[PDB]
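*Asks:* Encoded as structure tokens, here's the structure I'll be asking about.
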Amino acid sequence: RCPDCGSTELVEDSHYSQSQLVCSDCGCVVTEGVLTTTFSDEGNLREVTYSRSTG
Amino acid sequence: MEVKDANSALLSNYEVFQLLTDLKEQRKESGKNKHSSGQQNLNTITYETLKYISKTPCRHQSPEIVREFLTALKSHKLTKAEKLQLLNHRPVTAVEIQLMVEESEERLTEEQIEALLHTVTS
Amino acid sequence: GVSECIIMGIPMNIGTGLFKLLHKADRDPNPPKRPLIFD
Amino acid sequence: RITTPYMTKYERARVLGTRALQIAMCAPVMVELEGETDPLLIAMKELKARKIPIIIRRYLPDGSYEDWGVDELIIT
Amino acid sequence: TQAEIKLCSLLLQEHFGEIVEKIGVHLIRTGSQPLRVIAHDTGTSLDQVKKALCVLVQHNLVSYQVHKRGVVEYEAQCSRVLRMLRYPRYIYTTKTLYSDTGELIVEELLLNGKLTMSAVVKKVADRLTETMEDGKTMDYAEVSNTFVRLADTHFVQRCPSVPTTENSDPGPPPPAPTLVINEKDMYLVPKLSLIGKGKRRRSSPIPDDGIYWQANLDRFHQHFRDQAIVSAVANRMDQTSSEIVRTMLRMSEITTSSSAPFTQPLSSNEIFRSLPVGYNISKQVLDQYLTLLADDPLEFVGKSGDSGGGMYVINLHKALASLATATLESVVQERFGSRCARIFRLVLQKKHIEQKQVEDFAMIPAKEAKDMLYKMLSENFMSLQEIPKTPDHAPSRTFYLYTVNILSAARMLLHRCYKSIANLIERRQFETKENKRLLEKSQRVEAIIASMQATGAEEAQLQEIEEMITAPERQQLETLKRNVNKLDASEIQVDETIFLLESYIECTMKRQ
Amino acid sequence: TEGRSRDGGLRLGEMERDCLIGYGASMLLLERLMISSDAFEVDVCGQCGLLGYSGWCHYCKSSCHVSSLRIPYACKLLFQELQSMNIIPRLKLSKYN
Amino acid sequence: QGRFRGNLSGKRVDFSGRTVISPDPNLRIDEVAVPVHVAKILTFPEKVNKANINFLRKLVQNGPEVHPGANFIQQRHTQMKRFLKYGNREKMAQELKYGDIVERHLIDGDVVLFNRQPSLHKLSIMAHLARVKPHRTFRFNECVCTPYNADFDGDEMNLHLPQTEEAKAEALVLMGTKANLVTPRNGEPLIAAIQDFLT
Amino acid sequence: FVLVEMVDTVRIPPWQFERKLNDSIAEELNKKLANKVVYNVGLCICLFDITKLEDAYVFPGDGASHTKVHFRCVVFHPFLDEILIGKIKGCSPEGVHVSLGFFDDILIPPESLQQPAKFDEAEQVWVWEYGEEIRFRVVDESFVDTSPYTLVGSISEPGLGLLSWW
Amino acid sequence: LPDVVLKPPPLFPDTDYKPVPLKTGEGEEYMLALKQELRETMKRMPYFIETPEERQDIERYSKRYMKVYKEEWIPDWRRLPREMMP
Ligand SMILES: [Mg+2]
Ligand SMILES: [Zn+2]
Ligand SMILES: [Zn+2]
């Protein structure tokens with residue numbers, strides 16, 4: 001929601017290679033930046049299932 | 001943040017009164033909006049301490065009178081704490097020297113109290 | 001060393017970081033001290 | 001008084017950077033700029049006018065130091 | 001030796017203070033160092049370093065030596081710092097073998113380190129003045145007799161005295177006096193014809209100068225070892241054998257040193273002659289006792305000769321090894337049970353043994369004996385030889401046999417005892433400091449009574465002391481007191497095990 | 001990130017750092033390789049020399065000597081990995097003067 | 001790609017671009033052309049002072065759509081960020097206090113870096129004056145092709161924008177194009193006339 | 001009331017460079033140590049004077065002017081025997097809540113040392129009769145932050161007679 | 001295969017064996033008495049050097065009445081090196 005006015009009309013819009021949450025009324029952002037995994041590390045990491053991570 | 005000496009030099013209430021008056025006049029001559037809004041506790045503590053000192057008999061004092069009182073009391077072998085308390089309290093009565101003053105035993109001698117009164121009244 | 005300056009994220013000693021700058025502020029070193037009355 | 005009386009390029013760069021950072025923080029202008037909105041241009045004008053209130057504190061490697069004013073140093 | 005350093009730090013903080021315990025810990029950790037680097041590393045004032053060094057060298061805790069360029073190096077003795085915990089036992093044994101006069105003598109010698117005979121007899125008289133009453137007074141004759149009796153029995157020894165500087169290179173004096181020691185006057189007492197009477201502390205020129213004495217901890221250690229082996233042989237065979245071995249040890253005290261594999265040859269005739277007359281035992285019964293002690297599977301004594309009738313010798317190292325074995329098996333039994341103690345004694349008797357052989361000889365079912373073996377191996381009480389079939393040392397193709405190393409076991413047990421005493425001291429100090437408010441409250445409400453005890457003693461100040469809020473808290477005070485008492489008793493009890501382990505460790509050291 | 005399709009930025013390789021060192025641009029290099037790439041704020045305790053969080057040292061169980069400090073995130077990751085290897089880098093802080 | 005070489009000695013940064021280059025003789029040797037598309041993305045944080053107040057007001061009034069403008073506004077008291085794409089931009093423009101951080105678009109006069117991926121000597125990366133053009137390529141004077149060792153045959157070129165006044169000043173002074181006309185190897189000038197200029 | 005030597009690092013922003021440094025330093029020091037208590041020192045009141053003021057550095061970071069200033073400031077710390085004059089700003093059954101005049105409400109004298117005629121029955125009764133004097137006994141300090149006050153002290157009330165007020 | 005435990009072991013695991021009760025008698029009582037007496041009497045001795053109190057507030061008339069006066073032992077400088085004279 002909006003920290004100042006309290007408007008809950010926050011919309012996700014794709015910026016110039018940037019993801020953020022912004023309200024359409026006052027144009028104020030509440031959360032900017034997103035952390036995503038890299039394919040360089042994705043091929044290195046091994047997947048674990050709950051059928052094996054529980055015994 | 002470090003402290004060098006917590007008891008470097010003891011001072012009476014007259015120096016504190018003078019410092020409070022100087023800070024008050026400096027603030028009223030150089031008043032700032034944002035500087036005040038940053039910490040309003042400064043004006044509060046200064047005004048309240050100044051009012052507390054004004055309620056005391058600390059008025060009508062000067063550094064020359066304080067120096068004369070110190071030189072007069074230095075001849076009665078009294079310690080710094082007792083003369084400091086006498087200057088801060090300014091006892092116009094003998095009972096405050098005979099009873100309220102600590103370590104009255106062997107120090108009254110029934111004759112120096114009159115001299116102490118004559119010095120504190122001046 | 002410059003390597004650890006780059007790693008630790010501090011300005012390196014070489015280059016512009018060798019010397020230091022001082023602001024020419026209007027002041028008075030060792031200002032007059034308020035005299036002590038009781039002491 | 002033993003170092004070079006001229007003002008090097010690294011000292012110029014650092015002084016201009018510090019002055020631009022200060023002016024960007026609402027510092028008082030000493031050259032009375034005429035329509036210069038770029039703080040680096042204001043720093044260049046102040047360096048040309050030789051009125052930068054910054055004193056270079058050169059440090060010798062042994063520990064000794066020396067102070068040099070902008071007007072005292074020779075610019076290029 | 002982290003546990004040793006911690007115990008020494010706690011003991012120094014409890015006995016001498018804070019500014020000196022830091023210097024002591026620094027000396028113990030960094031070894032011998034000059035005063036300058038000590039003051040530099042500690043980061044305190046020079047005068048405090050000097051005071052700490054002097055108060056440490058007063059109690060003979062540290063020493064100083066000379067080296068190249070005439071520099072003085074101060075080295076601390078961690079063993080000497082550890083031995084001062086055994087002071088109550090020293091006072092008890094000197095009060096048991098002697099009167100209370102020797103008790104006070106040894107107490108003053110331990111609390112002061114170095115003193116003269118006149119000083120110690122004066123202090124003993126002054127302390128005993130308040131003990132007795134009825135207006136009579138004591139002299140210095142009996143105190144001097146007790147002192148010389150302690151001296152000839154080697155309980156007290158003269159401190160190393162600086163030689164005559166006038167005869168030894170009269171001129172520029174070295175930075176250190178280079179204190180030396182002579183075995184001639186080690187137990188000799190110069191004549192002090194002066195006498196006097198102690199004052200009752202009413203509070204209303206040195207003939208023995210340069211001669212300082214101190215309690216000989218070696219004699220106390222030897223006496224405690226003798227008492228331990230006497231108690232052991234008493235619990236083994238009988239009290240008569242204990243008396244026989246006590247007499248033979250009393251005879252061997254003088255003719256033997258503190259470190260020797262065996263004692264001097266003693267014949268049965270002189271032992272019988274020196275035996276107390278309180279026992280109606282004949283020579284044949286004594287010979288039977290000696291020949292049955294020689295056949296003991298413990299090998300405490302040995303024949304080692306046939307001349308002079310019945311010639312016999314005692315085994316100090318073997319007796320200490322047996323005592324260490326008994327202590328180790330006892331602690332194993334108390335920590336893991338009787339079955340694990342049986343397994344431990346089995347694996348100790350046999351030099352090497354296998355798991356199946358352990359189960360066969362100990363008669364313990366599976367899944368439990370191996371568990372006890374693993375629990376005992378995880379505590380560094382046993383070791384695996386691991387004889388390999390191949391230099392690869394693969395576990396699948398090698399044997400494993402359990403073996404008890406008594407030396408490493410005794411060392412780790414001594415370390416555990418040190419850390420245990422350190423933890424007990426820490427708990428005592430914690431309980432003391434957590435209740436310091438109630439302690440000060442009790443002190444003030446009892447000093448209201450301590451004041452005006454006789455002069456100006458009105459009865460109106462007796463019904464208001466218990467009226468304070470400390471009355472419901474007296475149970476907490478009693479619990480604190482009993483806890484401190486139990487902790488001190490436990491520390492003193494562990495001190496005997498520490499002494500036994502240290503004696504067993506030191507006896508096998510050759511210092512070569 | 002690395003790839004262009006992954007919205008990745010340019011990489012200041014070793015040779016670019018070498019050129020920036022040769023130019024002597026200390027502040028430019030500091031802004032590029034620290035401020036604009038992996039800038040982060042950590043908490044260090046001046047007593048034990050370890051890393052804290054939210055102005056609190058879990059090791060000493062106190063917060064008097066804890067102070068904030070700017071650092072590249074890669075350096076903090078390196079310190080954490082070294083601490084995992086039982087190799088503890090004890091950071092002894094000091095005043096900027 | 002470890003921590004030392006891939007994450008400490010050299011690491012990736014933001015506020016950078018990579019584009020194809022093309023010759024342009026109509027620009028000074030210390031100037032470089034920047035496309036409008038990249039200029040609308042790369043932003044510089046300027047602090048509001050008593051001098052550039054009206055310029056920043058006009059930039060905010062223009063918005064993130066017109067080229068001269070900004071994208072985000074950061075207040076002084078609170079650390080909140082306001083996107084200029086939504087809301088009445090005139091209100092935020094009229095409520096611009098001193099010390100606010102405004103992320104303005106890349107405009108003319110800004111000192112910007114210019115670097116090629118293979119860096120042999122220090123002249124491979126140099127600071128120039130940024131200029132905007134409606135085209136989509138990095139254009140600069142060909143006299144600087146000799147230090148960059150470029151040939152305009154499809155080679156990509158990097159461009160880094162500092163986010164600090166100190167870094168910008170250091171780039172303009174030390175890495176200035178007019179101040180690095182000669183190589184430190186032997187003092188021979190590198191930025192000089194080239195083909196189609198000598199003939 | 002006693003002077004304390006304090007050495008502090010003061011950061012003055014560049015937009016205050018037009019002001020005199022010896023005044024901005026004092027203003028910032030007064031704003032930083034107003035109505036605060038220094039640990040094991042006492043409640044500081046205000047800056048008394050400035051003894052030493054060395055060069056004003058400028059760091060490559062924020063860019064503001066950093067100065068290491070040596071000064072003397074007044075603090076309130078009795079000597080365990082000083083006599084003070086406080087006013088009764090409340091009272092509890094376990095102890096009277098007397099506050100120094102407009103200075104600080106930190107003095108809580110325990111009602112367990114005067115003659116046995118002390119009882120507070122929650123009706124604002126100071127002391128059962130047979131501008132109040134106060135004798136400090138011991139200081140005490142503590143911390144505040146313990147997760148991601150500090151000066152009260154005890155008071156002595158001996159048999160001072162109190163001819164003016166019971 | 002060992003099962004999974006959902007709770008870590010307690011900080012103080014219980015053991016079926018307990019410490020042997022302490023030895024009693026006049027010996028241990030005298031041990032306690034003597035140890036307490038030594039702990040008490042050793043603190044007031046001049047060898048126990050307390051930390052020098054600092055930041056003295058003021059000097060008062062009753063200082064000489066409350067001045068901590070204790071006899072100071074003089075170490076034998078003949079046995080002590082010269083580097084420890086104050
Ligand atoms: Mg090409
Ligand atoms: Zn809003
Ligand atoms: Zn810590």
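Residue names in the structure tokens use chain letters A, B, ... in the order shown, residue numbers from 1 in each chain, and ligand numbers from 1 in the order shown.
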Check every protein, DNA and RNA residue against ligand 2, keep those with an atom at most 7 Å away (counting only C-alpha atoms and all ligand atoms), and present them as an MDAnalysis selection string.
*Replies:* chainID A and resid 2:5 7 23 25:28
*Asks:* Name each residue within 6 Å of ligand 3, counting only C-alpha atoms and all ligand atoms, as number ranges by chain.
*Replies:* F: 45, 47-48, 57, 59-60
*Asks:* Write a file of the selected residues as a JSON list (two decimals), in the first residue's frame, keeping N, CA, C and O atoms.
*Replies:*
[["chain", "number", "residue", "atom", "x", "y", "z"],
["F", 45, "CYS", "N", 31.97, -5.29, 15.21],
["F", 45, "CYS", "CA", 32.20, -5.02, 16.63],
["F", 45, "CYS", "C", 33.69, -4.78, 16.84],
["F", 45, "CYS", "O", 34.52, -5.63, 16.49],
["F", 47, "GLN", "N", 35.39, -4.87, 19.49],
["F", 47, "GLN", "CA", 36.00, -5.68, 20.54],
["F", 47, "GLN", "C", 36.49, -7.02, 20.01],
["F", 47, "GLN", "O", 37.68, -7.34, 20.12],
["F", 48, "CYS", "N", 35.59, -7.82, 19.42],
["F", 48, "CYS", "CA", 35.96, -9.13, 18.91],
["F", 48, "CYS", "C", 36.42, -9.09, 17.46],
["F", 48, "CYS", "O", 37.14, -9.99, 17.03],
["F", 57, "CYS", "N", 26.04, -7.42, 18.15],
["F", 57, "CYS", "CA", 27.05, -8.47, 18.06],
["F", 57, "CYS", "C", 26.54, -9.69, 18.83],
["F", 57, "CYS", "O", 26.46, -9.66, 20.06],
["F", 59, "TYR", "N", 28.10, -12.47, 19.09],
["F", 59, "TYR", "CA", 29.22, -13.12, 19.75],
["F", 59, "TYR", "C", 29.41, -12.60, 21.17],
["F", 59, "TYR", "O", 29.35, -13.36, 22.14],
["F", 60, "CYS", "N", 29.63, -11.29, 21.30],
["F", 60, "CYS", "CA", 29.83, -10.68, 22.61],
["F", 60, "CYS", "C", 28.53, -10.40, 23.35],
["F", 60, "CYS", "O", 28.57, -10.00, 24.51]]
*Asks:* Between atom CA of residue E:9 and atom CA of residue E:215, what is the distance, to one decimal in Å?
*Replies:* 22.6 Å
*Asks:* Identify, on the basis of only C-alpha atoms, every residue whose closest approach to stretch 76-82 of chain B does not exceed 8 Å; exclude the query and any residue fewer than 6 positions from it along the same chain; express the result as a VMD selection string.
*Replies:* (chain B and resid 101 to 102) or (chain H and resid 82) or (chain I and resid 58 to 61)
*Asks:* Mind dumping a table of every chain G residue within 12 Å of ligand 1, with the nearest atom pair and its distance in Å to one decimal, using only C-alpha atoms and all ligand atoms, sorted by chain and rising number, as a tab-separated table?
*Replies:*
residue	atom	partner	partner_atom_place_in_ligand_line	distance
G:20	CA	ligand 1	1 (Mg)	11.1
G:21	CA	ligand 1	1 (Mg)	10.6
G:22	CA	ligand 1	1 (Mg)	11.7
G:116	CA	ligand 1	1 (Mg)	11.2
G:117	CA	ligand 1	1 (Mg)	11.9
G:118	CA	ligand 1	1 (Mg)	11.3
G:145	CA	ligand 1	1 (Mg)	11.0
G:148	CA	ligand 1	1 (Mg)	10.6
G:149	CA	ligand 1	1 (Mg)	8.2
G:150	CA	ligand 1	1 (Mg)	5.8
G:151	CA	ligand 1	1 (Mg)	4.8
G:152	CA	ligand 1	1 (Mg)	6.1
G:153	CA	ligand 1	1 (Mg)	4.8
G:154	CA	ligand 1	1 (Mg)	6.5
G:155	CA	ligand 1	1 (Mg)	5.4
G:156	CA	ligand 1	1 (Mg)	9.0
G:157	CA	ligand 1	1 (Mg)	10.9
*Asks:* With only C-alpha atoms as the counted atoms, please give the residues lying no more than 12 Å from residue I:30, apart from itself and same-chain residues fewer than 5 positions off, as a PyMOL selection string.
*Replies:* (chain E and resi 88-89+91-93+95-96+485+488-489+492) or (chain I and resi 24-25+35-38)
*Asks:* Go ahead and save the residues from that selection, with N, CA, C and O atoms, as a JSON list (two decimals), in the first residue's frame.
*Replies:*
[["chain", "number", "residue", "atom", "x", "y", "z"],
["E", 88, "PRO", "N", 46.12, -25.38, 53.41],
["E", 88, "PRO", "CA", 45.39, -25.94, 54.56],
["E", 88, "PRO", "C", 45.81, -27.35, 54.93],
["E", 88, "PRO", "O", 45.86, -27.68, 56.12],
["E", 89, "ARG", "N", 46.15, -28.18, 53.94],
["E", 89, "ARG", "CA", 46.62, -29.53, 54.24],
["E", 89, "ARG", "C", 47.97, -29.49, 54.94],
["E", 89, "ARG", "O", 48.23, -30.28, 55.86],
["E", 91, "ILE", "N", 49.02, -27.03, 56.89],
["E", 91, "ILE", "CA", 48.75, -26.57, 58.25],
["E", 91, "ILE", "C", 48.16, -27.71, 59.08],
["E", 91, "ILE", "O", 48.49, -27.87, 60.26],
["E", 92, "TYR", "N", 47.31, -28.53, 58.47],
["E", 92, "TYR", "CA", 46.70, -29.63, 59.21],
["E", 92, "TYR", "C", 47.74, -30.68, 59.58],
["E", 92, "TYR", "O", 47.73, -31.20, 60.70],
["E", 93, "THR", "N", 48.64, -31.02, 58.66],
["E", 93, "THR", "CA", 49.63, -32.04, 58.98],
["E", 93, "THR", "C", 50.66, -31.52, 59.98],
["E", 93, "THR", "O", 51.16, -32.29, 60.81],
["E", 95, "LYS", "N", 49.88, -29.38, 62.30],
["E", 95, "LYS", "CA", 49.16, -29.34, 63.56],
["E", 95, "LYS", "C", 48.93, -30.74, 64.12],
["E", 95, "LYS", "O", 48.73, -30.91, 65.33],
["E", 96, "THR", "N", 48.94, -31.75, 63.25],
["E", 96, "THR", "CA", 48.78, -33.13, 63.71],
["E", 96, "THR", "C", 50.10, -33.70, 64.22],
["E", 96, "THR", "O", 50.15, -34.31, 65.29],
["E", 485, "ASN", "N", 30.73, -23.69, 51.57],
["E", 485, "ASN", "CA", 31.42, -24.71, 52.35],
["E", 485, "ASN", "C", 31.60, -25.99, 51.54],
["E", 485, "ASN", "O", 32.69, -26.58, 51.53],
["E", 488, "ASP", "N", 34.25, -25.47, 48.80],
["E", 488, "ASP", "CA", 35.61, -25.48, 49.36],
["E", 488, "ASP", "C", 36.03, -26.89, 49.74],
["E", 488, "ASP", "O", 37.18, -27.29, 49.50],
["E", 489, "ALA", "N", 35.12, -27.66, 50.34],
["E", 489, "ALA", "CA", 35.44, -29.04, 50.71],
["E", 489, "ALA", "C", 35.73, -29.88, 49.47],
["E", 489, "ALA", "O", 36.66, -30.69, 49.47],
["E", 492, "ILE", "N", 39.20, -28.97, 48.19],
["E", 492, "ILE", "CA", 40.25, -29.54, 49.03],
["E", 492, "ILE", "C", 40.35, -31.05, 48.82],
["E", 492, "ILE", "O", 41.44, -31.62, 48.86],
["I", 24, "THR", "N", 33.24, -36.63, 55.42],
["I", 24, "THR", "CA", 32.88, -35.85, 56.59],
["I", 24, "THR", "C", 33.85, -36.18, 57.73],
["I", 24, "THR", "O", 34.71, -37.06, 57.62],
["I", 25, "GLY", "N", 33.70, -35.44, 58.83],
["I", 25, "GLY", "CA", 34.57, -35.62, 59.98],
["I", 25, "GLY", "C", 35.16, -34.31, 60.47],
["I", 25, "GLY", "O", 34.88, -33.25, 59.90],
["I", 35, "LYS", "N", 40.31, -22.66, 55.69],
["I", 35, "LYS", "CA", 40.26, -22.01, 54.39],
["I", 35, "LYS", "C", 39.50, -20.69, 54.46],
["I", 35, "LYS", "O", 39.93, -19.69, 53.89],
["I", 36, "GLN", "N", 38.37, -20.67, 55.18],
["I", 36, "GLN", "CA", 37.62, -19.43, 55.34],
["I", 36, "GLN", "C", 38.42, -18.40, 56.13],
["I", 36, "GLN", "O", 38.44, -17.21, 55.78],
["I", 37, "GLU", "N", 39.10, -18.84, 57.20],
["I", 37, "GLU", "CA", 39.91, -17.91, 57.98],
["I", 37, "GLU", "C", 41.04, -17.32, 57.15],
["I", 37, "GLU", "O", 41.34, -16.13, 57.26],
["I", 38, "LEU", "N", 41.67, -18.14, 56.31],
["I", 38, "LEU", "CA", 42.73, -17.62, 55.44],
["I", 38, "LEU", "C", 42.18, -16.64, 54.42],
["I", 38, "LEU", "O", 42.76, -15.57, 54.20]]
*Asks:* Could you list, as a list in words, every residue within 12 Å of residue F:78, counting only C-alpha atoms and ignoring same-chain residues fewer than 3 positions away?
*Replies:*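 Selected residues are residues 7 and 8 of chain C; 71, 72, 73, 74, 75, 81, 82, 83, 84, 85, 87, 88 and 89 of chain F; 2, 3, 4, 7 and 8 of chain G.
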*Asks:* Please identify all residues of chain C having at least one atom at most 7 Å from any atom of chain F, considering only C-alpha atoms, and return them as a PyMOL selection string.
*Replies:* chain C and resi 7-12+14-17
*Asks:* Would you write out those residues with N, CA, C and O atoms, as a compact mmCIF listing (two decimals), in the first residue's frame?
*Replies:*
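Dumped everything to part16.txt:
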# COMPACT_ATOMS: atom_id res chain seq x y z
N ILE C 7 39.69 -4.11 -2.73
CA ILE C 7 38.88 -5.19 -2.16
C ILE C 7 38.05 -4.67 -0.99
O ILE C 7 36.82 -4.84 -0.96
N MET C 8 38.69 -4.02 -0.02
CA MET C 8 37.98 -3.53 1.16
C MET C 8 37.11 -2.32 0.87
O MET C 8 36.32 -1.93 1.73
N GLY C 9 37.24 -1.71 -0.31
CA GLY C 9 36.41 -0.57 -0.65
C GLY C 9 36.81 0.73 0.02
O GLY C 9 35.94 1.44 0.54
N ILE C 10 38.10 1.05 0.03
CA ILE C 10 38.58 2.30 0.59
C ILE C 10 39.42 3.00 -0.48
O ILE C 10 39.95 2.34 -1.38
N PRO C 11 39.55 4.33 -0.43
CA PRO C 11 40.38 5.01 -1.44
C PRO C 11 41.84 4.61 -1.33
O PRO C 11 42.42 4.59 -0.24
N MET C 12 42.43 4.29 -2.47
CA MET C 12 43.81 3.83 -2.51
C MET C 12 44.77 4.96 -2.15
O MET C 12 44.48 6.15 -2.32
N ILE C 14 47.66 5.56 -3.55
CA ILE C 14 48.23 6.14 -4.76
C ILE C 14 47.18 7.03 -5.42
O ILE C 14 46.00 6.97 -5.07
N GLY C 15 47.61 7.87 -6.36
CA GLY C 15 46.67 8.75 -7.03
C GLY C 15 46.35 9.97 -6.20
O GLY C 15 47.22 10.55 -5.53
N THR C 16 45.08 10.38 -6.23
CA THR C 16 44.65 11.55 -5.48
C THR C 16 44.58 11.30 -3.98
O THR C 16 44.54 12.26 -3.20
N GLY C 17 44.56 10.04 -3.56
CA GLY C 17 44.45 9.70 -2.16
C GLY C 17 45.72 9.76 -1.35
O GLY C 17 45.74 9.33 -0.20
*Asks:* Counting only C-alpha atoms, a student should be able to say which residues of chain D come within 7 Å of chain C; what is the right answer, written as a list in words?
*Replies:* residues 10, 11, 14, 53, 54, 55, 56, 57, 58 and 59 of chain D
*Asks:* Write a file of the just-selected residues containing N, CA and C atoms, as a short mmCIF file (atom, residue, chain, number, x, y, z; two decimals), in the first residue's frame.
*Replies:*
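Result saved to again.cif:
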data_model
loop_
_atom_site.label_atom_id
_atom_site.label_comp_id
_atom_site.auth_asym_id
_atom_site.auth_seq_id
_atom_site.Cartn_x
_atom_site.Cartn_y
_atom_site.Cartn_z
N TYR D 10 46.52 15.75 -10.09
CA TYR D 10 45.75 14.98 -9.12
C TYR D 10 45.16 15.88 -8.04
N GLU D 11 45.95 16.85 -7.57
CA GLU D 11 45.44 17.82 -6.61
C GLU D 11 44.30 18.63 -7.22
N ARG D 14 41.16 16.35 -7.32
CA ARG D 14 40.57 16.14 -6.00
C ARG D 14 39.91 17.41 -5.48
N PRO D 53 38.13 27.82 -1.03
CA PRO D 53 38.48 27.77 0.39
C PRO D 53 38.94 26.38 0.84
N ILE D 54 39.91 25.82 0.11
CA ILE D 54 40.47 24.51 0.41
C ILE D 54 41.99 24.64 0.47
N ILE D 55 42.59 24.06 1.50
CA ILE D 55 44.03 24.09 1.71
C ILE D 55 44.55 22.67 1.56
N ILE D 56 45.46 22.46 0.61
CA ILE D 56 46.05 21.15 0.38
C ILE D 56 47.04 20.85 1.50
N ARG D 57 46.85 19.72 2.16
CA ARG D 57 47.70 19.29 3.27
C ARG D 57 48.57 18.14 2.76
N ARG D 58 49.71 18.50 2.18
CA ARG D 58 50.62 17.50 1.64
C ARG D 58 51.34 16.78 2.77
N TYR D 59 51.40 15.45 2.67
CA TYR D 59 52.00 14.60 3.70
C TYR D 59 53.26 13.97 3.13
#
*Asks:* So how far away is atom CA of residue E:213 from atom CA of residue E:109, in Å?
*Replies:* 7.4 Å
*Asks:* Using backbone DSSP assignments, extract all strand (DSSP E or B) residues from chain B; output them as number ranges by chain.
*Replies:* B: 3-10
*Asks:* Contacts of residue B:75 at 12 Å or less, counting only C-alpha atoms, minus same-chain residues fewer than 4 places along, as a PyMOL selection string?
*Replies:* chain B and resi 68-71+79+83+112+115-116+119
*Asks:* Please provide as a list in words all residues within 7 Å of stretch 43-47 of chain B, with the sequence filter that same-chain residues fewer than 4 positions apart are discarded (counting only C-alpha atoms).
*Replies:* residues 20 and 51 of chain B; 35 of chain H
*Asks:* Pull the closest atom pair for each residue of chain H that gets at most 8 Å from chain F, along with the distance in Å to one decimal, counting only C-alpha atoms, ordering rows by chain and then ascending residue number, as a Markdown table.
*Replies:*
| residue | atom | partner | partner_atom | distance |
| --- | --- | --- | --- | --- |
| H:60 | CA | F:27 | CA | 7.6 |
| H:145 | CA | F:63 | CA | 7.1 |
| H:146 | CA | F:62 | CA | 6.6 |
| H:147 | CA | F:56 | CA | 7.3 |
| H:148 | CA | F:56 | CA | 5.6 |
*Asks:* With 12 Å as the cut-off and only C-alpha atoms counted, what is the closest atom pair between each nearby residue of chain H and chain E? Distances in Å to one decimal, ordered by chain and number, as a Markdown table.
*Replies:*
| residue | atom | partner | partner_atom | distance |
| --- | --- | --- | --- | --- |
| H:112 | CA | E:468 | CA | 9.2 |
| H:113 | CA | E:468 | CA | 11.4 |
| H:116 | CA | E:464 | CA | 10.0 |
*Asks:* Contacts between chain C and chain H, please, where a residue of chain H counts if it comes within 10 Å (with only C-alpha atoms); show its shortest atom pair and distance in Å to one decimal, rows by chain and ascending number, as a Markdown table.
*Replies:*
| residue | atom | partner | partner_atom | distance |
| --- | --- | --- | --- | --- |
| H:14 | CA | C:23 | CA | 9.8 |
| H:17 | CA | C:25 | CA | 6.8 |
| H:18 | CA | C:26 | CA | 8.4 |
| H:19 | CA | C:26 | CA | 8.0 |
| H:20 | CA | C:26 | CA | 5.7 |
| H:21 | CA | C:27 | CA | 5.2 |
| H:22 | CA | C:27 | CA | 5.8 |
| H:23 | CA | C:27 | CA | 8.9 |
| H:48 | CA | C:34 | CA | 7.7 |
| H:49 | CA | C:33 | CA | 6.1 |
| H:50 | CA | C:31 | CA | 6.7 |
| H:51 | CA | C:30 | CA | 5.9 |
| H:52 | CA | C:30 | CA | 5.0 |
| H:53 | CA | C:29 | CA | 5.7 |
| H:54 | CA | C:29 | CA | 6.9 |
| H:55 | CA | C:22 | CA | 7.0 |
| H:56 | CA | C:22 | CA | 5.7 |
| H:57 | CA | C:22 | CA | 4.8 |
| H:58 | CA | C:22 | CA | 6.0 |
| H:59 | CA | C:21 | CA | 8.0 |
| H:60 | CA | C:11 | CA | 8.0 |
| H:61 | CA | C:11 | CA | 9.5 |
| H:64 | CA | C:23 | CA | 9.3 |
| H:65 | CA | C:23 | CA | 7.0 |
| H:66 | CA | C:23 | CA | 9.4 |
| H:70 | CA | C:30 | CA | 9.6 |
| H:71 | CA | C:33 | CA | 9.6 |
| H:72 | CA | C:33 | CA | 9.5 |
